[PDB]
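Here is the structure we will look at.
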Amino acid sequence: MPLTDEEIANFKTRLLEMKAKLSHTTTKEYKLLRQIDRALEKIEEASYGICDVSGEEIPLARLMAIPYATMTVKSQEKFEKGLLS
Amino acid sequence: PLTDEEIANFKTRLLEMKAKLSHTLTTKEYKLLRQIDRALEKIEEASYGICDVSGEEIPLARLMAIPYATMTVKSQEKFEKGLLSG
């Protein structure tokens, strides 16, 4: 089922919480801010929970555990493989 | 990778748990029915043993002890913590 507006506001709150927690705290942590910002953009563009690569619905379990997830698992593979070229 | 005979055996275990919980049945017991159904779906979607959160392979021991495991332990931790927000 498509996410409600109340669910999305919670993801936005979670994402801003993570974005703020990294200010007090590298190569690995800069990549994370880019993912968090992109997830926040997708909330503004009304595409949160939709895979940037395939347009498929990102499973709610994945978003619940990883609120900055902007791709499906299969698409994140393709993305990471692309970074290697 | 799991054989088809192993997956059919997990499917048999999972359907038996689902049936044993209908005669028996709480808040904890509803969470279990959702997990069992999801594990059964992953068998139909050919994703059993693959973590719903990370796509990592769920350890074979974990599946043997917990046939309704749909996430790695670390991913279930992240998932359970996410449900608490709000």
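In the structure tokens, chains take letters A, B, ... by order of appearance, with residues numbered from 1 within each chain and ligands from 1 in the order shown.
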
Could you pull out all residues of chain A with a DSSP call of alpha helix (DSSP H) and give them as a compact mmCIF listing (two decimals) with N, CA, C and O atoms, in the first residue's frame?
# COMPACT_ATOMS: atom_id res chain seq x y z
N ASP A 5 0.80 10.32 4.31
CA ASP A 5 1.55 11.54 4.62
C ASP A 5 2.11 11.52 6.04
O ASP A 5 3.15 12.13 6.30
N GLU A 6 1.43 10.82 6.96
CA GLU A 6 1.93 10.72 8.32
C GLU A 6 3.18 9.85 8.40
O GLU A 6 4.07 10.13 9.21
N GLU A 7 3.26 8.80 7.57
CA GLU A 7 4.45 7.97 7.53
C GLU A 7 5.64 8.73 6.96
O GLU A 7 6.76 8.61 7.47
N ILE A 8 5.41 9.51 5.91
CA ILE A 8 6.50 10.23 5.25
C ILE A 8 7.07 11.31 6.17
O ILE A 8 8.29 11.52 6.22
N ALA A 9 6.21 12.01 6.92
CA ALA A 9 6.71 13.01 7.85
C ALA A 9 7.62 12.39 8.90
O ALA A 9 8.55 13.04 9.39
N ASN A 10 7.37 11.12 9.25
CA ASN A 10 8.23 10.43 10.21
C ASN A 10 9.59 10.10 9.60
O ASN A 10 10.62 10.24 10.25
N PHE A 11 9.60 9.66 8.33
CA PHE A 11 10.86 9.43 7.65
C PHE A 11 11.66 10.72 7.52
O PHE A 11 12.88 10.73 7.71
N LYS A 12 10.99 11.83 7.18
CA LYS A 12 11.67 13.12 7.14
C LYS A 12 12.28 13.47 8.49
O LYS A 12 13.43 13.94 8.56
N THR A 13 11.54 13.23 9.59
CA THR A 13 12.08 13.48 10.92
C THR A 13 13.27 12.57 11.22
O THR A 13 14.28 13.02 11.78
N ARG A 14 13.16 11.29 10.86
CA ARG A 14 14.28 10.38 11.07
C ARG A 14 15.50 10.81 10.27
O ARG A 14 16.62 10.80 10.78
N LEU A 15 15.29 11.21 9.01
CA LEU A 15 16.41 11.58 8.15
C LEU A 15 17.10 12.84 8.66
O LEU A 15 18.33 12.93 8.66
N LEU A 16 16.32 13.84 9.08
CA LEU A 16 16.91 15.05 9.64
C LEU A 16 17.67 14.74 10.93
O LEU A 16 18.69 15.38 11.23
N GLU A 17 17.18 13.77 11.71
CA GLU A 17 17.89 13.36 12.92
C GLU A 17 19.25 12.77 12.59
O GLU A 17 20.24 13.06 13.27
N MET A 18 19.32 11.93 11.55
CA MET A 18 20.60 11.37 11.12
C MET A 18 21.51 12.45 10.55
O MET A 18 22.72 12.43 10.78
N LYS A 19 20.94 13.37 9.77
CA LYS A 19 21.73 14.46 9.19
C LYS A 19 22.36 15.33 10.27
O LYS A 19 23.50 15.78 10.13
N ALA A 20 21.63 15.57 11.37
CA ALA A 20 22.16 16.37 12.46
C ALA A 20 23.19 15.60 13.29
O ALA A 20 24.15 16.21 13.79
N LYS A 21 23.02 14.28 13.44
CA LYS A 21 23.94 13.48 14.25
C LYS A 21 25.33 13.37 13.63
O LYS A 21 26.29 13.08 14.36
N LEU A 22 25.46 13.59 12.33
CA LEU A 22 26.75 13.52 11.65
C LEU A 22 27.53 14.83 11.71
O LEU A 22 28.71 14.85 11.35
N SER A 23 26.90 15.93 12.15
CA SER A 23 27.62 17.19 12.28
C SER A 23 28.64 17.15 13.42
O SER A 23 29.76 17.65 13.28
N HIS A 24 28.26 16.56 14.56
CA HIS A 24 29.21 16.44 15.67
C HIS A 24 30.36 15.50 15.31
O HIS A 24 31.50 15.72 15.73
N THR A 27 35.68 9.35 4.63
CA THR A 27 35.17 8.98 3.31
C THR A 27 33.82 8.29 3.39
O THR A 27 32.92 8.58 2.59
N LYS A 28 33.65 7.36 4.34
CA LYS A 28 32.39 6.62 4.44
C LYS A 28 31.23 7.51 4.87
O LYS A 28 30.10 7.32 4.41
N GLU A 29 31.49 8.50 5.74
CA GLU A 29 30.41 9.34 6.26
C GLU A 29 29.96 10.42 5.28
O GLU A 29 28.85 10.94 5.44
N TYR A 30 30.79 10.79 4.30
CA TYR A 30 30.34 11.75 3.29
C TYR A 30 29.37 11.09 2.32
O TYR A 30 28.39 11.72 1.89
N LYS A 31 29.64 9.84 1.93
CA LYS A 31 28.71 9.09 1.09
C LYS A 31 27.33 8.99 1.73
O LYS A 31 26.31 9.04 1.03
N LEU A 32 27.29 8.87 3.06
CA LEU A 32 26.02 8.73 3.76
C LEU A 32 25.21 10.03 3.71
O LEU A 32 23.98 9.99 3.59
N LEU A 33 25.88 11.18 3.82
CA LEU A 33 25.17 12.46 3.74
C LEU A 33 24.54 12.65 2.36
O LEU A 33 23.44 13.20 2.24
N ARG A 34 25.23 12.21 1.30
CA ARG A 34 24.68 12.31 -0.04
C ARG A 34 23.41 11.46 -0.17
O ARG A 34 22.43 11.89 -0.80
N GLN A 35 23.41 10.26 0.40
CA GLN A 35 22.21 9.43 0.37
C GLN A 35 21.08 10.05 1.19
O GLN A 35 19.92 10.04 0.76
N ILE A 36 21.41 10.59 2.37
CA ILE A 36 20.39 11.21 3.22
C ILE A 36 19.77 12.41 2.52
O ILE A 36 18.54 12.55 2.48
N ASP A 37 20.61 13.29 1.97
CA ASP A 37 20.10 14.45 1.24
C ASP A 37 19.21 14.03 0.08
O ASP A 37 18.14 14.61 -0.14
N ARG A 38 19.63 13.00 -0.67
CA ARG A 38 18.82 12.54 -1.80
C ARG A 38 17.47 12.02 -1.33
O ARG A 38 16.45 12.27 -1.98
N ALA A 39 17.45 11.27 -0.22
CA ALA A 39 16.18 10.82 0.34
C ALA A 39 15.30 12.00 0.74
O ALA A 39 14.08 11.96 0.56
N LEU A 40 15.91 13.05 1.30
CA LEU A 40 15.15 14.24 1.66
C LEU A 40 14.61 14.95 0.43
O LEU A 40 13.48 15.45 0.43
N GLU A 41 15.41 15.02 -0.64
CA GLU A 41 14.94 15.59 -1.90
C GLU A 41 13.75 14.81 -2.43
O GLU A 41 12.74 15.40 -2.86
N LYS A 42 13.84 13.49 -2.42
CA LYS A 42 12.74 12.66 -2.93
C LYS A 42 11.46 12.88 -2.14
O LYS A 42 10.36 12.75 -2.68
N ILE A 43 11.58 13.23 -0.85
CA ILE A 43 10.40 13.56 -0.07
C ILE A 43 9.77 14.86 -0.57
O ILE A 43 8.54 14.98 -0.63
N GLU A 44 10.61 15.84 -0.95
CA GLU A 44 10.10 17.10 -1.49
C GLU A 44 9.52 16.91 -2.89
O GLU A 44 8.52 17.55 -3.25
N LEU A 60 8.78 -1.58 2.07
CA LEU A 60 8.61 -0.81 3.30
C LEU A 60 9.56 -1.30 4.39
O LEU A 60 10.06 -0.50 5.20
N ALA A 61 9.84 -2.60 4.44
CA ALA A 61 10.79 -3.12 5.41
C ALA A 61 12.17 -2.49 5.22
O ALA A 61 12.86 -2.18 6.20
N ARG A 62 12.59 -2.31 3.97
CA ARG A 62 13.88 -1.68 3.69
C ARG A 62 13.89 -0.22 4.12
O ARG A 62 14.88 0.26 4.69
N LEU A 63 12.81 0.52 3.83
CA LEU A 63 12.74 1.91 4.25
C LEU A 63 12.66 2.04 5.76
O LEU A 63 13.24 2.96 6.35
N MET A 64 11.93 1.12 6.41
CA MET A 64 11.80 1.18 7.86
C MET A 64 13.15 0.99 8.54
O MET A 64 13.48 1.70 9.49
N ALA A 65 13.96 0.06 8.03
CA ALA A 65 15.28 -0.16 8.59
C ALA A 65 16.29 0.87 8.11
O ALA A 65 17.09 1.38 8.90
N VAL A 73 17.30 -3.05 -3.61
CA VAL A 73 18.56 -3.77 -3.41
C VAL A 73 19.21 -4.07 -4.75
O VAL A 73 20.41 -3.84 -4.94
N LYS A 74 18.42 -4.57 -5.71
CA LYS A 74 18.97 -4.90 -7.02
C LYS A 74 19.53 -3.68 -7.72
O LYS A 74 20.56 -3.76 -8.40
N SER A 75 18.85 -2.52 -7.58
CA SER A 75 19.32 -1.31 -8.25
C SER A 75 20.54 -0.71 -7.57
O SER A 75 21.40 -0.14 -8.24
N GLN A 76 20.63 -0.83 -6.24
CA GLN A 76 21.83 -0.35 -5.55
C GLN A 76 23.05 -1.15 -5.97
O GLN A 76 24.17 -0.61 -5.98
N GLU A 77 22.87 -2.44 -6.30
CA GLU A 77 23.96 -3.23 -6.88
C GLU A 77 24.46 -2.59 -8.17
O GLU A 77 25.66 -2.35 -8.33
N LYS A 78 23.54 -2.32 -9.10
CA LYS A 78 23.88 -1.68 -10.37
C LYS A 78 24.56 -0.34 -10.15
O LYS A 78 25.51 0.01 -10.87
N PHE A 79 24.08 0.44 -9.18
CA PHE A 79 24.69 1.73 -8.89
C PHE A 79 26.13 1.56 -8.42
O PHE A 79 27.05 2.21 -8.92
N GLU A 80 26.35 0.67 -7.44
CA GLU A 80 27.70 0.45 -6.92
C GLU A 80 28.63 -0.11 -7.99
O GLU A 80 29.82 0.22 -8.02
N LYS A 81 28.11 -0.97 -8.87
CA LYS A 81 28.92 -1.46 -9.98
C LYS A 81 29.30 -0.33 -10.93
O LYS A 81 30.41 -0.32 -11.47
N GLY A 82 28.39 0.63 -11.12
CA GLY A 82 28.69 1.76 -11.98
C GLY A 82 29.79 2.65 -11.44
O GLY A 82 30.62 3.16 -12.20
N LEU A 83 29.82 2.85 -10.12
CA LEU A 83 30.89 3.63 -9.50
C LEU A 83 32.27 3.04 -9.76
O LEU A 83 33.27 3.76 -9.69
N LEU A 84 32.35 1.74 -10.06
CA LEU A 84 33.64 1.09 -10.26
C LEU A 84 34.23 1.38 -11.65
O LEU A 84 35.45 1.32 -11.82

Residues of chain B that approach chain A to 8 Å or less, counting only C-alpha atoms: could you list each one with the shortest pair of atoms and its distance in Å to one decimal, rows by chain and increasing residue number, as CSV?
residue,atom,partner,partner_atom,distance
B:52,CA,A:62,CA,6.4
B:53,CA,A:62,CA,4.3
B:54,CA,A:73,CA,6.6
B:55,CA,A:73,CA,6.0
B:75,CA,A:65,CA,6.7
B:76,CA,A:65,CA,7.6
B:77,CA,A:65,CA,8.0
B:78,CA,A:65,CA,4.6
B:79,CA,A:65,CA,3.9
B:80,CA,A:65,CA,7.4
B:81,CA,A:65,CA,7.4
B:82,CA,A:64,CA,5.3
B:83,CA,A:64,CA,6.8
B:85,CA,A:10,CA,7.2
B:86,CA,A:10,CA,6.6

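Taking atom CA of residue 70 of chain B and atom CA of residue 46 of chain A as the two end points, the separation is 28.7 Å.
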
Non-local contacts of residue 63 of chain B (12 Å; only C-alpha atoms; under 5 positions in same chain excluded) as a PyMOL selection string: chain B and resi 2+6-7+9-11+13-14+39+48-51+57-58+68-73

Restricted to N, CA and C atoms, what would the selected residues look like written as a CSV table (one decimal), in the first residue's frame?
chain,number,residue,atom,x,y,z
B,2,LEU,N,20.6,-22.6,-1.4
B,2,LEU,CA,19.7,-23.7,-0.9
B,2,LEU,C,19.2,-24.5,-2.1
B,6,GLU,N,15.6,-28.5,0.1
B,6,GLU,CA,15.6,-27.7,1.4
B,6,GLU,C,14.6,-26.7,1.5
B,7,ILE,N,14.3,-26.0,0.4
B,7,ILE,CA,13.3,-24.9,0.4
B,7,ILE,C,11.9,-25.5,0.6
B,9,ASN,N,11.3,-28.1,2.2
B,9,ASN,CA,11.2,-28.5,3.6
B,9,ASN,C,11.0,-27.3,4.5
B,10,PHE,N,11.6,-26.2,4.2
B,10,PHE,CA,11.3,-24.9,5.0
B,10,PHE,C,9.8,-24.5,4.8
B,11,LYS,N,9.3,-24.6,3.5
B,11,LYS,CA,7.9,-24.4,3.2
B,11,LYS,C,7.0,-25.3,4.0
B,13,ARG,N,7.8,-26.7,6.9
B,13,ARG,CA,7.8,-26.3,8.3
B,13,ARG,C,7.0,-25.0,8.5
B,14,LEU,N,7.1,-24.1,7.6
B,14,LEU,CA,6.4,-22.8,7.8
B,14,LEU,C,4.8,-23.0,7.7
B,39,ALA,N,7.8,-15.0,5.0
B,39,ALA,CA,8.7,-16.0,4.7
B,39,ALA,C,8.2,-16.9,3.6
B,48,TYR,N,13.8,-16.5,-0.7
B,48,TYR,CA,14.0,-17.0,0.6
B,48,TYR,C,15.5,-17.2,0.9
B,49,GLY,N,15.9,-16.8,2.1
B,49,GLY,CA,17.3,-16.7,2.5
B,49,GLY,C,18.0,-15.4,2.1
B,50,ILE,N,17.3,-14.5,1.5
B,50,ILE,CA,17.8,-13.2,1.2
B,50,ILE,C,17.2,-12.1,2.0
B,51,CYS,N,18.0,-11.3,2.6
B,51,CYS,CA,17.5,-10.3,3.6
B,51,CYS,C,16.7,-9.2,2.9
B,57,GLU,N,22.9,-12.5,2.3
B,57,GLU,CA,22.4,-13.9,2.5
B,57,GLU,C,22.3,-14.1,4.0
B,58,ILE,N,21.1,-14.6,4.4
B,58,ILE,CA,20.8,-14.9,5.8
B,58,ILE,C,21.5,-16.2,6.2
B,68,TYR,N,11.3,-18.6,9.8
B,68,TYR,CA,10.6,-17.4,9.3
B,68,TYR,C,11.5,-16.2,9.4
B,69,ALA,N,12.8,-16.4,9.4
B,69,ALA,CA,13.7,-15.2,9.4
B,69,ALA,C,13.7,-14.7,8.0
B,70,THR,N,13.3,-13.4,7.8
B,70,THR,CA,13.4,-12.7,6.6
B,70,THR,C,14.4,-11.6,6.5
B,71,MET,N,15.2,-11.4,7.5
B,71,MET,CA,16.2,-10.4,7.6
B,71,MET,C,17.4,-11.0,8.3
B,72,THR,N,18.6,-10.4,8.0
B,72,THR,CA,19.7,-10.7,8.8
B,72,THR,C,19.5,-10.2,10.2
B,73,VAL,N,20.3,-10.6,11.2
B,73,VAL,CA,20.1,-10.1,12.6
B,73,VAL,C,20.3,-8.6,12.6
